[PDB]
Structure formats: structure tokens, C-alpha cells
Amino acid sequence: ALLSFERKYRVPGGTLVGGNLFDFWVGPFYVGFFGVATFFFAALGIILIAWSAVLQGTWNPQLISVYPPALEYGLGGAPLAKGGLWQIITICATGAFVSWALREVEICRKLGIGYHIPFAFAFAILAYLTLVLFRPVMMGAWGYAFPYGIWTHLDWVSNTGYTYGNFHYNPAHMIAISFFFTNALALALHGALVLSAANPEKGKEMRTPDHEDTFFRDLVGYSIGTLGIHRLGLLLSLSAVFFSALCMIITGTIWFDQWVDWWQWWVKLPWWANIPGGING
């Protein structure tokens, strides 16, 4: 079925691979070569997870867990039942994510729009790759990656963090959290603003962008503007994931001690390290 205004946009072209071969839709869904690649990688990955579930002796969804090879295998292959499945599923996951992005590129070309969506999504992919590929390779074993399970991946979060004490002390993690909280702040305000203009007090006419700018200047003395808030939302979000990836890439590699102790470089700066008083003297 089509949205009432959709037919004019469903023309041939924009594909990156295959010419017109996969240039078609299935209901609402655009296919393309990458829609086919995505299905392949996703189906295979799901099969391997099912298979992993039989060898684990449970079909319970919140018990299933696919673990990476143990540290002793380093960065080499591992028997299926002992981490090789995890290795293959990871190749499949990566294949699917990348394929999804490329399928986004083909939709962009057909529609004549900018490539910002796929670009932004690539930041999420990079975060994923940082945890299952870059950090593990740099550290020397696949075992440092997180396991594929609903609750077990959370155990890995706590166990990894606590290996360095209170993870709140990683300076890159602080910045990342700041972008996350700031992002939610900006999203709520943005949503609220536009809606407050489109849905004014009962019986009044729709407000205008000028009322939006005015509301914000009245309140805090500044309005970033309609274009600017969209650029900001984009930046905040991407920055949060960039700093997240960074906070983890440097943990276990350039820094492997307790994160609280890293802050001593500041306390023991020559010009104040020995002055009595305060908390650190």
C-alpha cells in the first residue's frame, strides 16, 4: 500500500549495486542490494543464535547468552561451542549494520536528500565496533568483548566498570554522560517548543517561529533558531557516542589502574601539592 503522496517518488534509480535488479519494494519496505544483504546476514545470525541456544540447553530468551572466546584463545579462532559462534555472529552483526547503512544511502539517492541519516548511524556502528573489535584487538583477546544476552551483557557492564573501581571517574565518561543528559534536555525543549507553537491556548491562531524565538529570548536571553536546534541535536547525540567510544577505547589499554587515581595528576601539581589544609593535605 502507498501513502497518498507516495507514488510520484517511487521511480527507478539511485542504487549503488545491481542496477535495477533489486530496485523494488515489498509493502512499505525498500529492498535494494543491501536490503538483500541485510536479510542474509540477519537470518544467518539468528540461526547461529538458535543453534547456540540448543548447545546451552535453554530456549528461554532471557537466559540465552552467546559468550566470546575465553581469554586464553587470544585473538585466534575458537571451537564453536566455546566462542567461535560468538565470533561468527559478530561478523554477521557487523555485516547487517553496515548493509543497513548502505541501504539508507540508496534510499537517500532515490529521494534526492542529504546523507546525514546514514552518516549519523555510522557513529552507532563505530561504538559497537569499539566494544567487540577495536578494544579487544588492542587488549589482545576477544574475551574482553561483551556477551550476547539480554541480562548477561549487563553483567559485563558492571564487571568491566568495577575492574577500574568506580567508573564514574573516567574523565571521557564524564563528558559522554554530559552530552547524553544535555541531549535529552534539548530534545524535550525542542519537542515542547514546536508543539506549544502549533497547539496554542484554546481558540488562538497557530504561533509562528518568531514566537518560538521570542519565548526563548524572554526565558534565557538567547534562541539558537530553527535550523540551529536541529544541528545541535545532531551534534549532542553524535558527541555523546563519540565520547562513549573514547572512554572505552582508552580503558584497559593506555589506562588500566583505578580511574579515581588518575585525578592525582591534578592534586600533586608542584605549585600546590604540599600546601597544608583542604581535603588533600
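The numbering used is simple: start at 1 and walk along the sequence shown.
- Across the two stretches, 268 to 276 and 6 to 14, the PDB entry reports the greater mean Cα temperature factor for 268 to 276.
- Look at the C-alpha B-factors of 80 to 88 and of 148 to 156. On average they run higher in 80 to 88.
- Set against one another, the Cα B-factors of 127, 138, 107, 176 in the record reach their highest point at 138.
- The entry lists C-alpha B-factors for 190, 103, 211, 202, and the highest of these is at 202.
- Residue 38: CA B factor in the middle third of modelled residues in this chain (values from the PDB entry).
- When the modelled residues of the chain are ordered by C-alpha B-factor, residue 71 sits in the highest third.
- Remark: residue 164 belongs to the middle third of its chain, ranked by C-alpha B-factor as recorded.
- Ranked by C-alpha B-factor against the other modelled residues of its chain, residue 115 falls in the middle third.
- Among all modelled residues in its chain, residue 221 ranks in the middle third by Cα B-factor.
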